[PDB]
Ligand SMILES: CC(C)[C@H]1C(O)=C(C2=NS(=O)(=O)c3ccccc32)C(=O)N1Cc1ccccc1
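The chain that follows stands alone, in the form deposited without the ligand, written as structure tokens.
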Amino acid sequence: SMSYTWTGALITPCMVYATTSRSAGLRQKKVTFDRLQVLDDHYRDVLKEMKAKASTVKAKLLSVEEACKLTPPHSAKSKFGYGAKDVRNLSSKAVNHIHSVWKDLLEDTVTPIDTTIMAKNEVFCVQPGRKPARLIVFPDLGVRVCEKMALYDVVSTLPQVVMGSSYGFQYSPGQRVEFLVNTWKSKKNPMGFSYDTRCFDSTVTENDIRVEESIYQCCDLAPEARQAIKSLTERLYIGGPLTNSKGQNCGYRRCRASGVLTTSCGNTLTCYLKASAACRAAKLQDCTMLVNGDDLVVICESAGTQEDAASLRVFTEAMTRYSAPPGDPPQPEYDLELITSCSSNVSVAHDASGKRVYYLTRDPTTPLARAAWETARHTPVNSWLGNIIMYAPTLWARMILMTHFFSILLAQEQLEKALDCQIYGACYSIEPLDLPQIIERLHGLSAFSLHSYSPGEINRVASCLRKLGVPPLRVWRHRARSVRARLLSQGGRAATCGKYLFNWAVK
């Protein structure tokens, strides 16, 4: 089958650079291809094991109300006169239509379902050119609430129990490091590698979705749930029409929709299944996986330099047969720090006592680029704040990000003003003054004492600043002392930010 099709209809809209609709042409050519898929007894065996595990799972329907209350606030309004606000506040219009969409889902297991197609507002930095915008594919809100009724309890319960510790989304960054480090130190001669699929969504075939759905039906589910999950699978997950923002038939989809509820769960599942099958084809020794969508880490016992190199090609051929080839091929590492997945890697520093502490970090290019963008521009995600939060132990987050921004707020008296900020698919109203508790909850107090960072990490950050035009770290130690003292002068809450978030600056 063909991954996508176009009718010719133009997807219309609704240094540092945001991606635009104008780039969507190429993105389109890149994600359209025919899918070759051929499965073996390795794929099957894995599947059977996931099903066994899915059979120990009972899931329940969410009521309309529950699904309504777990619709996110700033999600797209519906083609039927109601906001997501209206959904959240249980408006009779939202609820009534929702019920009819649900009745419609039970009564009809066939008619495809309209999905509105669009381009994403993703910011990026430059390479050595312009990466285009990814295209997001979602159905009407009324349908997205129904999706939650039928599958919310499944997607938030099943994956963890089917994939155990390999399920990446269960982990905070510290927990993720904890798992990756333990895995590593459990191999006599560890070898690991990141894998990632060349536009994964488009590689997800119809069969993968039918397989996925069949993993879902392995759960103990309400009769109505089963029906809506069959029906949603048939009328939405396997495919359906596209339609740009000006209501024009853009063509059709025959692969994963990016903007549905089963996307994160499905990709992780489907990815995990193929990767496990592929481990067994490559004959990798004592293997261990970590899967967040299509981003994958495998840690295993090394079989030798050449043996490992070879087996990774065999691992890739196998993945390819299952329709999932890599963007760039996988490369073996014998050094944990060198593995980048989820755009991030494990690295080391030292806490107050002088104990080694592992923590997650990443190339700071994009975070800085977005933080730049968002300095001259009000933003609904505020990725700068999200990054400070997630990567709070990181040298680059503490010295550049935290520093610059508490300077801007200080100067602009906005140290009490809440900001919307999206992390872990949730949208928080975050008050800057609250960061200490957050970081303490998320990484513990050691995140304010991290020092003596690995020399590789220090270099990468330094390199990165000189590349983007941003002052060296010497400046940021000076500037920080003058943001910290300013705050202590302010007492109470503000002084707590200075005590904790900038304690690294006192000589």
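The first residue of the shown sequence is 1; numbering continues from there. By rigid core we mean the largest C-alpha set that fits within 1.5 Å across both forms.
Just so it is clear, the following notes concern the form solved in complex with the ligand, a form of the same protein that is not shown.
Engineer: Heavy atom within 4.5 Å of the ligand in the bound PDB entry: which of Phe169, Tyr252, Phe80, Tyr334?
Structural biologist: Going through each option in turn, the one that passes is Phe169.
Engineer: Note which of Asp295, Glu234, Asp153, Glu213 lies within 4.5 Å of the ligand in the bound PDB entry, where distance is taken over heavy atoms; exactly one does.
Structural biologist: By the 4.5 Å heavy-atom cutoff, the listed residue in contact is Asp295.
Engineer: Tell me which stretch of 102-110, 415-423, 309-317, 214-222 has a heavy atom within 4.5 angstroms of the ligand in the bound PDB entry.
Structural biologist: Going by heavy atoms within 4.5 Å, the stretch is 415-423.
Engineer: Heavy atom to heavy atom, is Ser344 within 4.5 Å of the ligand in the bound PDB entry?
Structural biologist: Close contact exists here: in the bound PDB entry, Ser344 approaches the ligand to within 4.5 Å, heavy atoms only.
Engineer: Contact between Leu409 and the ligand in the bound PDB entry at 4.5 Å, heavy atoms?
Structural biologist: Answer no; every heavy atom of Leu409 is more than 4.5 Å from the ligand in the bound PDB entry.
Engineer: Since only the chain is shown here, I'm wondering whether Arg176 would be in contact with the ligand in the bound PDB entry (any heavy atom pair within 4.5 Å).
Structural biologist: Because a heavy atom of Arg176 falls inside 4.5 Å of the ligand in the bound PDB entry, the answer is yes.
Engineer: Would you check, heavy atoms only and a 4.5 Å threshold, whether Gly386 touches the ligand in the bound PDB entry?
Structural biologist: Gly386 belongs to the contact set for the ligand.
Engineer: Can you spot, among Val211, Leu221, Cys199, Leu409, the one with a CA shift of 2 Å or more between this form and the one not shown after core superposition?
Structural biologist: That would be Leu409.
Engineer: Quick check: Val475 between this form and the one not shown - does its CA shift reach 2 Å or more after fitting the rigid core?
Structural biologist: For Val475, whose C-alpha is compared between this form and the one not shown after core superposition, the shift is 2 Å or more.
Engineer: For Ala310, state whether the C-alpha moves by 2 Å or more between this form and the one not shown after rigid core superposition.
Structural biologist: The answer is no; the displacement is under 2 Å.
Engineer: Would you say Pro432 moves between this form and the one not shown, meaning its CA shifts by 2 Å or more once the core is fitted?
Structural biologist: Comparing the forms between this form and the one not shown, which are aligned on their rigid core, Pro432 does shift its C-alpha by 2 Å or more.
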